[PDB]
Each structure stands twice: as structure tokens, then as C-alpha cells.
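As a starting point, one isolated chain is supplied in C-alpha cells, in the form solved without the named molecule.
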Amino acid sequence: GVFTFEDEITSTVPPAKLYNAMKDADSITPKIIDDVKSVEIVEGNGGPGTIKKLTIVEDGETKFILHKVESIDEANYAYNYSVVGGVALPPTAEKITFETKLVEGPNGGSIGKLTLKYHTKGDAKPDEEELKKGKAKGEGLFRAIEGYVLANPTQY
């Protein structure tokens, strides 16, 4: 089964810029996140369908996460990707998607929804903590991306 959660948020950065930064996740993430060290394309051209491998060190031990790029709606400032392998997936959970949608803000800010789709195996329901870890993680990347942009205004 699949279980969906939606969270709403705002940013001072206009959505067009956040979106650009969002598309450049491979580049930025290793810089902003201490534990992320690299992102490599395994197969695909960076578009939807692409499979990526993230290398991390956590508590000094190297680990791998596997991502799939789900869709892109540039006109709509939407960037979606799923965690398809690695540390975030318990056996009941087959995948976890993170979707980010941005809309025009009142103050030349961005209005955005973070959607988490938790796909479990069979009738299993999501673990409470995994869900909590996943929400924090989604929100975390968004903030990190926002931070990079504030730090560097003209890059995007």
C-alpha cells in the first residue's frame, strides 16, 4: 500500500530560483550536508527515470543510498524523487517518495507543498518513527537548498 502526507511551507526565495537549485541537488547536496559526500548517476541522463547513488559517511561508516528521479514539471516548479534503496528502507517499505511543489508567493517568496508518499509492502502500514524520520529528512533538504540559495543569491 501507499500512504501520503502533505506539509505546506514558505520561503523568502522566489520559486523560480528554488526550483533551479532543486534541479542541481547532485552538485549542492554534498557541499551543504556534511555526511553526504557524492552523488553519481548510475543510469539515465538526470531526467525522470534516472537512478543515482549517494555516498555518505555516518558515524564514520560509509553507506549508500539509492534514489530514483520520479518526475519534473519545470513549468510547475516541481521536483520529485524517491528513495529506492539504502539506509532509509525497512523491508516492509519498498520505497519512499519526496515531492516538492512550489508556487508564487505574496512577497516574491515561494509557496510550497512537501509531499511524502510512503509505499509499504502489502498491507503493512508505515512505522511511526520511519515516517517521522522521513518528514524531517524531506524538510531538511528543502531548508538546505534554501540556505545555499540565500548564501549565494546570483548563482540562481
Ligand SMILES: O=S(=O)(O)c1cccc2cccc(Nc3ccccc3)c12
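Each form is matched to the other, and the largest set of C-alpha atoms that superpose within 1.5 Å is called the rigid core. Residue indices: 1-based, along the sequence shown. Only residues modelled in both forms are compared.
- Comparing the deposited coordinates for 11-19 and 142-150, the stretch with the larger average C-alpha B-factor is 11-19.
- Just going by the entry, 30-38 versus 56-64 on mean CA temperature factor gives the higher value to 56-64.
- When the Cα B-factors of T50, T100, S110, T97 are read from the PDB record, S110 comes out highest.
- Among the modelled residues of its chain, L131 has a C-alpha B-factor that falls in the middle third according to the deposited record.
- Annotation for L116: CA B-factor lies in the lowest third of the chain's modelled residues.
- Among the modelled residues of its chain, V69 has a C-alpha B-factor that falls in the lowest third according to the deposited record.
- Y79 sits in the middle third of its chain by CA B factor, as recorded in the PDB entry.
Another form, the form deposited with the named molecule bound, is not on view; read the next lines as being about it.
- This form leaves room for the named molecule: after superposition of the C-alphas round the site, using its pose in the deposited bound form, no atom of it sits within 2.4 Å of a backbone or C-beta atom.
- A residue is said to contact a partner when one of its heavy atoms sits within 4.5 Å of a partner heavy atom; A93 fails this definition for the named molecule in the deposited bound form, lying far away.
- Contact between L141 and the named molecule in the deposited bound form is found at the 4.5 Å heavy atom cutoff.
- Residue contact with the named molecule in the deposited bound form: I33 places a heavy atom within 4.5 Å of it.
- Residue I65 is the only one in 56-74 with at least one heavy atom within 4.5 Å of the named molecule in the deposited bound form.
- After superposing the rigid core, the Cα of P90 is displaced by 2 Å or more between the shown form and the other one.
- Once both forms are overlaid on their core, the residue ranges between the shown form and the other one with Cα shifts reaching 2 Å in three or more consecutive positions are 57-62, 88-92.
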